[PDB]
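Heads up, what comes next is one protein chain in two forms, each shown on its own as structure tokens, labelled structure 1 and structure 2.
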Structure 1
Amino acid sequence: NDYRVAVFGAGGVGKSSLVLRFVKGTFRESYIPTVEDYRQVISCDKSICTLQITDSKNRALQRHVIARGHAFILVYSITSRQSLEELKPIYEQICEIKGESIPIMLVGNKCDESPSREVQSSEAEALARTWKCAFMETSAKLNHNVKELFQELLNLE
């Protein structure tokens, strides 16, 4: 019943906003400039066993999080192609450290703002095909397939 995830993405894309809505079902909109931030670690000891999740965005502890981790989420904002570009160094960083059989997921969060949609799902799906990983578009605000994401991550055993 142990279940450990790892969430990656640029600042502000909504890693903790997705994890916080999968663990506690809550969401509360906020804004704060990146100069003030992010990094969160939320792990609630269930009852049967455990459920531990981490969001990462000087010190290169990303190497430690990846080496110790065993299932990764890559989050980019639909309204930011730059944030999608920042995930490729993280993918290569998870490939050099580990092995292929790793369960990886590419998430297009903040899909509720198609008026600001910079990344069309075509460009992203091609990348998911070339990475041999799964891709889906979530929205922590409106709870669009947020549970359907972590469920698909829990299945991969």
Structure 2
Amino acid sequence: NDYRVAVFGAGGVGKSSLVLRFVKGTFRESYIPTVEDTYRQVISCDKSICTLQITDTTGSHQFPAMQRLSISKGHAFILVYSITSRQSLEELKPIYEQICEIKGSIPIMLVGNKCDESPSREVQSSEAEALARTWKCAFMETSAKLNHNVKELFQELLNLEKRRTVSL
């Protein structure tokens, strides 16, 4: 019916911004906290058309049940951190663990956002690449602000899907 992608990460890393750049083409400098939003986009699925549903989650820890349900229903996951915050990278570890616990063949992308702020970088790409290796997932850096690697993010994620032929 649909192909479901969920986006996780700490508050302020750019989850909403990556999703909005991809789906709507827009960017805002203002921070607007999210509870849980979803967006649909028409994509190709096998020799037919379906929707991609993207779930933009919260970085609040106050909704653990909601977060577990979002993991359960997702087909593919994007784990976002900010290259300017080592703490935001560390905060993805428990999320990765919950995906493994609940899912027990799953596209997963580790994404270092805000790569336009390389001068204030705290997480070197080499370190995030090492983590992605241990997690056996893909890695890339993005900038929602610059529209750097935003289309590529979703293209690469759907290309990792081998249980279904999904593309943009």
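By convention here, residues take numbers in order along the sequence of structure 1, the first being 1. In this text, the rigid core denotes the largest set of C-alpha atoms whose superposition between the two forms falls within 1.5 Å.
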| message | Once both forms sit on the same rigid core, is the C-alpha displacement of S47 at or above 2 Å between the two structures? | response | yes
| query | When the two forms are laid on each other by their rigid core, does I32 show a Cα shift of 2 Å or more between the two structures? | reply | yes
| said: Rigid core superposed: how many angstrom does the CA of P115 shift between the two structures? | reply: 1.2
